[PDB]
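Virtual Cβ from ideal backbone geometry, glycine too; neighbours counted across all protein chains shown. Just so it is clear, none of the values below were taken in a lab; they were calculated from the coordinates.
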Amino acid sequence: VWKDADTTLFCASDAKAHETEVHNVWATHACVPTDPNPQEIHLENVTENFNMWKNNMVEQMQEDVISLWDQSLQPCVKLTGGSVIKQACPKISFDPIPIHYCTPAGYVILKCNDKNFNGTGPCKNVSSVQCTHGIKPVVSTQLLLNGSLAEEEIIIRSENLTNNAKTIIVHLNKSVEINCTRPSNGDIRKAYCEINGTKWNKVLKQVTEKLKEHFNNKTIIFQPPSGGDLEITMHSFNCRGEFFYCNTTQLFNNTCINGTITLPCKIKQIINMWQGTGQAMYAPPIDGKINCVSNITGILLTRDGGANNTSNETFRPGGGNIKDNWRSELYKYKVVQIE
Ligand SMILES: Cc1nc([C@@H](NC(=O)C(=O)Nc2ccc(Cl)cc2)[C@@H]2CCCCN2)sc1CO
Ligand SMILES: *[C@@H]1O[C@H](CO)[C@@H](O)[C@H](O)[C@H]1NC(C)=O
Ligand SMILES: *[C@@H]1O[C@H](CO)[C@@H](O)[C@H](O)[C@H]1NC(C)=O
Ligand SMILES: *[C@@H]1O[C@H](CO)[C@@H](O)[C@H](O)[C@H]1NC(C)=O
Ligand SMILES: *[C@@H]1O[C@H](CO)[C@@H](O)[C@H](O)[C@H]1NC(C)=O
Ligand SMILES: *[C@@H]1O[C@H](CO)[C@@H](O)[C@H](O)[C@H]1NC(C)=O
Ligand SMILES: *[C@@H]1O[C@H](CO)[C@@H](O)[C@H](O)[C@H]1NC(C)=O
Ligand SMILES: *[C@@H]1O[C@H](CO)[C@@H](O)[C@H](O)[C@H]1NC(C)=O
Ligand SMILES: *[C@@H]1O[C@H](CO)[C@@H](O)[C@H](O)[C@H]1NC(C)=O
Ligand SMILES: *[C@@H]1O[C@H](CO)[C@@H](O)[C@H](O)[C@H]1NC(C)=O
Ligand SMILES: *[C@@H]1O[C@H](CO)[C@@H](O)[C@H](O)[C@H]1NC(C)=O
């Protein structure tokens with residue numbers, strides 16, 4: 001017999017003790033080795049209610065990635081709350097590794113295995129595990145990168161779709177590669193992302209069809225963000241330690257619903273921190289071909305309000321709350337206490 005509970009979790013990873021890469025270093029000192037033969041009990045005839053939007057596992061992972069970044073990614077200048085902090089800002093090795101989240105004795109993680117589970121409500125196919133699947137702490141906006149893919153069909157997630165101030169998490173069932181490079185050899189910050197056109201448009205079209213199911217068959221319209229900070233208006237992400245801000249106008253513009261889509265990007269040194277502290281300045285880009293190929297496995301959308309009297313619903317790429325990134329991977333899990 002069990003009950004929903006919150007407890008302090010621990011982590012497991014396959015980090016290398018000899019890696020200088022910051023994720024390996026953190027996990028080496030903060031996590032344990034993974035279980036090579038994980039046990040999983042499938043619970044017959046059990047219905048459990050889940051709520052991805054109010055899950056303490058999310059808060060706890062956020063606390064980790066903040067801790068990791070504080071120890072690993074110190075900027076030259078911190079601009080937090082009036083005070084200014086000047087530190088050394090050496091170039092580090094950066095590549096996220098899978099992190100597992102686990103329950104101590106007396107507790108178990110319940111895992112929803114329903115095919116098209118949207119993250120909230122009753123789950124019919126529930127199993128018990130000690131650890132989650134390995135989750136990379138990939139920080140980004142607009143597009144979710146290198147995440148897990150939806151099993152059956154594309155899934156739309158929201159705490160309350162009727163509320164437009166609530167972020168929408170689109171979960172893809174097929175990866176679309178995004179090829180981002182800062183070439184080696186006029187502008188050392190100029191960079192670009194390359195996406196297969198037909199692949200992306202086909203997927204976006206599938207996303208639109210899925211959105212119609214949730215919005216009474218109204219016509220779905222994509223638009224670029226209207227305002228806000230660059231971290232929101234642009235697909236921001238970190239590649240090899242470098243902060244990339246990419247223009248995604250070509251992605252979200254219902255013209256093609258063929259060829260390679262080349263998004264203009266720039267590596268920024270001065271960043272509004274996702275931690276919510278303030279602003280931070282980092283060192284200029286390293287030399288050489290800075291390249292990161294990632295799977296787009298999800299989209300963060302924000303819906304335009306004031307459309308109730310029209311047939312259109314307008315969706316713009318969003319983000320900013322990195323907890324949403326962890327929700328997209330932690331939705332099928334909740335912690336219960338065993339009695
Ligand atoms: C204080 C605070 N500010 C936050 C802001 N979010 C960010 O600054 C942010 O994500 N920055 C960011 C920085 C680097 C990368 Cl690679 C990706 C994102 C929000 C986003 C949404 C609208 C307003 N700006 S998140 C947050 C947490 O409390
Ligand atoms: C998910 O399914 C639940 C019922 O299981 C339903 O109440 C809720 O509206 C759905 N959420 C979304 C975003 O489709
Ligand atoms: C639970 O998932 C299994 C495997 O996909 C499926 O066979 C079964 O029908 C699901 N249970 C129900 C009744 O939704
Ligand atoms: C990228 O996507 C492909 C195709 O789905 C997948 O096989 C591969 O594991 C993904 N790589 C990741 C998750 O980094
Ligand atoms: C992805 O999901 C969509 C519906 O959202 C479905 O039509 C399509 O078959 C899925 N793609 C694959 C290849 O599973
Ligand atoms: C969803 O949001 C709408 C619009 O803000 C609101 O009227 C409604 O109460 C919300 N639903 C729930 C379950 O709170
Ligand atoms: C990424 O794009 C560059 C050209 O801009 C190319 O040299 C490289 O091969 C690409 N990577 C892949 C795997 O397509
Ligand atoms: C349009 O969407 C509704 C649900 O909103 C669906 O029931 C209906 O079948 C769709 N229109 C078609 C395919 O005739
Ligand atoms: C993105 O590029 C387009 C031109 O392709 C430009 O009109 C738009 O202002 C850019 N967006 C941002 C946020 O700079
Ligand atoms: C994208 O992938 C398709 C196959 O799905 C291929 O035919 C096409 O050449 C690719 N397009 C680009 C931009 O390379
Ligand atoms: C996504 O996964 C690939 C494959 O490991 C990796 O090379 C790349 O750095 C990842 N992208 C991001 C944003 O970290």
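Scanning segment 96-107 for residues that are in a loop (DSSP other than H, G, I, E, B) and within 16 Å of the chain's Cα centre (by Cα) turns up 96, 97, 98.
Quick one: in segment 17-40, which of the residues that are surrounded by 11 or more Cβ atoms within 10 Å (Cβ to Cβ) and more than 24 Å from the chain's Cα centre (by Cα) is farthest from residue 336 (Cα to Cα)?
Start the filter on segment 17-40 by keeping residues that are surrounded by 11 or more Cβ atoms within 10 Å (Cβ to Cβ), which leaves 19, 21-28, 30-32, 34-35, 38, 40.
Filter once more, so that each one left must be more than 24 Å from the chain's Cα centre (by Cα): 19, 35, 38, 40.
On the way: 19: 35, 35: 20, 38: 18, 40: 15 Å.
Restricting to residues being surrounded by 11 or more Cβ atoms within 10 Å (Cβ to Cβ) and more than 24 Å from the chain's Cα centre (by Cα), the top hit is 19.
Among 172, 211, 204, which is within 22 Å of residue 306 (Cα to Cα), within 14 Å of ligand 5 (Cβ to nearest atom) and crowded, with 17+ Cβ neighbours inside 10 Å? Result: 211 is the single residue among 172, 211, 204 that is within 22 Å of residue 306 (Cα to Cα), within 14 Å of ligand 5 (Cβ to nearest atom) and crowded, with 17+ Cβ neighbours inside 10 Å. Answer yes or no: is there a residue in segment 307-314 that is within 19 Å of residue 249 (Cα to Cα) and out of contact with any helix residue (DSSP H, G or I) (no Cβ under 9 Å at 6 or more places or on another chain). Yes, some residue in segment 307-314 is within 19 Å of residue 249 (Cα to Cα) and out of contact with any helix residue (DSSP H, G or I) (no Cβ under 9 Å at 6 or more places or on another chain).
For (1) assigned to a helix (DSSP H, G or I); (2) in contact with a helix residue (DSSP H, G or I) (Cβ under 6 Å, 6 or more places away or on another chain); (3) among the basic types (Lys, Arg); (4) farther than 29 Å from residue 154 by Cβ, each residue gets a yes or a no:
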site	(1), (2), (3), (4)
41	no, no, no, yes
46	no, no, no, no
69	yes, no, no, yes
74	no, no, no, yes
109	no, no, no, no
116	no, no, no, no
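Tell me, please, whether a residue that is closer than 19 Å to residue 169 by Cα, among the polar types (S, T, N, Q) and either within 16 Å of ligand 2 (Cβ to nearest atom) or in contact with a helix residue (DSSP H, G or I) (Cβ under 7 Å, 6 or more places away or on another chain) (or both) can be found in segment 328-338. Yes - at least one qualifying residue is present in segment 328-338.
Any idea which of 163, 146 is more than 20 Å from the chain's Cα centre (by Cα) and of a type outside the set (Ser, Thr, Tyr)? Break it down into steps so the answer makes sense when it comes.
On the way: 146 fails: more than 20 Å from the chain's Cα centre (by Cα).
Going through 163, 146 in turn, the sole match is 163.
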